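First, one chain by itself: the form deposited in one PDB entry, in structure tokens.
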């Protein structure tokens, strides 16, 4: 029973402000989430929330609510 529950059981003014980023570069190479392999059997990539990538990559108020992820890999049975 490999489960994963999450409850934001909320019952009951926002004036946050700003966010500012600046960038000035010459050369840039970025790899966010890379899976490189050779001679494997299984490969999984469960993205529940977000994935944000780049020389300028911001993530504001990204995952509100309830993030739930089950993940099961393998579980072989060759007995007897």
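Residue numbers count along the first chain shown, from 1. C-alpha atoms forming the largest set that superposes within 1.5 Å between two forms make up the rigid core. Shifts are known only where both forms have a C-alpha.
One more form of this protein exists, namely the form deposited in another entry; it is left out here, but the text below deals with it.
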query: Did residue 49 shift 2 Å or more between the shown form and the other one, C-alpha, core superposed; finding: no
query: After fitting the core, residue 60 CA displacement of 2 Å or more between the shown form and the other one; finding: no
query: Core-referenced shifts between the shown form and the other one - contiguous stretches of at least three, CA at least 2 Å; finding: 1 to 11, 17 to 37
